[PDB]
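Colleague: My questions all concern the structure below.
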Ligand SMILES: Nc1nc2c(ncn2[C@@H]2O[C@H](COP(=O)(O)OP(=O)(O)O)[C@@H](O)[C@H]2O)c(=O)[nH]1
Ligand SMILES: [Mg+2]
């Protein structure tokens, strides 16, 4: 029953809730509350759905609920360690990874998304993602990725796998793909049936979800936990000085 917790984050209507169901299988109502969804694979996989952010005209301090949630899991874990009675196995409800959905605009990162990602990246591992990447043509995807990569660097946003931490060669493959071009679907024939052809979501030539999935739960899954435990949680623990 080894545990791994992922949280999806972004504005509403970006296919965030759809990708959650897509990930597990490997109309949905507008998400109004933070909801934790858990199924078993042996791994206990938890995907955390969240209300949209940046939906309002004014969005100051609108990152606080998600920020509260992330910090609440660190706090539960810390209090477990301080407990004198605890515990054969401390339950890990901490957010290990965080998929941040980026609107497939074509231009550049929005100050809104930059502001949010820059805050999240300090307390959790961020993996940027192009929402509804089927929107983009092949040439648009490449150009937009360049702008996102340039913007991430120029705004000092640490995405997983973080640079400061053979392994370097392996990690570049992950970094060259950020932001991941993902497509959501829960129908199978599994793809998204459009007017002109069906998009095969787990087909590497159609989108990049297949890569992200294997990179998140198979090859990097332990390292994401390790960074969560040794960097983010340890930094939280220190702050309680
Ligand atoms: N074009 C496209 N549409 C999608 C994709 N994933 C979901 N959608 C559609 O986007 C709409 C809202 O999706 P939803 O999962 O509720 O987004 P969320 O509210 O941000 O979680 C739905 O009508 C979906 O059918 C995708 O990969 N590509
Ligand atoms: Mg939703």
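The first residue you see is number 1, and the count goes up from there.
A Cβ is built for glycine as well, from the same backbone N, Cα and C atoms used for every other residue.
What Swiss-Prot lists as GTP binding site is 10-17, 31, 52, 132-140, 184, 192. If you look up Swiss-Prot, you'll see 10-17 marked as region 'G1 motif', on the strength of sequence analysis. What Swiss-Prot lists as region 'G3 motif' is 49-52, and the listing cites sequence analysis. The region 'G4 motif' annotation in Swiss-Prot covers 131-134.
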Colleague: The region 'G1 motif' (10-17): which same-chain residues, six or more beyond its ends, come within Cβ distance under 8 Å?
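Modeller: For the region 'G1 motif' (10-17), the far contacts come to 28, 30-31, 49-55, 99-103, 113, 131-132, 182-184.
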Colleague: What's the straight-line C-alpha distance in angstrom from residue 41 to residue 42, 5 residues unmodelled between?
Modeller: 5
Colleague: Residue counts in helix (H, G, I), strand (E, B) and coil for the region 'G4 motif' (131-134), per DSSP?
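Modeller: For that range the per-state counts are 2 helix, 0 strand, 2 coil.
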Colleague: What residue among the binding-site residues 10, 52 has the most other CB atoms lying within 10 A of its CB?
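Modeller: Of 10, 52, the one with the most crowded Cβ is 10.
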Colleague: Between residue 165 and residue 166 the model skips 4 residues. Roughly how many angstrom lie between the two CA atoms, to the nearest whole number?
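Modeller: So the two residues bracketing the gap are 13 Å apart at Cα.
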Colleague: Look up residue 52 (GTP binding site) in the DSSP assignment and reduce it to helix, strand or coil.
Modeller: coil
Colleague: Could you tell me the whole-number distance in Å between the Cα atoms of residue 26 and residue 27, where 13 residues in between were not modelled?
Modeller: 19
Colleague: Which Cβ among the binding-site residues (16, 134, 137, 140) has the fewest C-beta neighbours inside 10 Å?
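Modeller: Ranked by other Cβ atoms within 10 Å, the binding-site residues 16, 134, 137, 140 bottom out at 137.
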Colleague: Checking proximity to ligand 2 here: which binding-site residues out of 10, 13, 52, 134, 137 have their Cβ closer than 6 Å to it?
Modeller: none
Colleague: Could you tell me the whole-number distance in Å between the Cα atoms of residue 189 and residue 190, where 7 residues in between were not modelled?
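Modeller: Unmodelled segment endpoints: Cα atoms separated by 6 Å.
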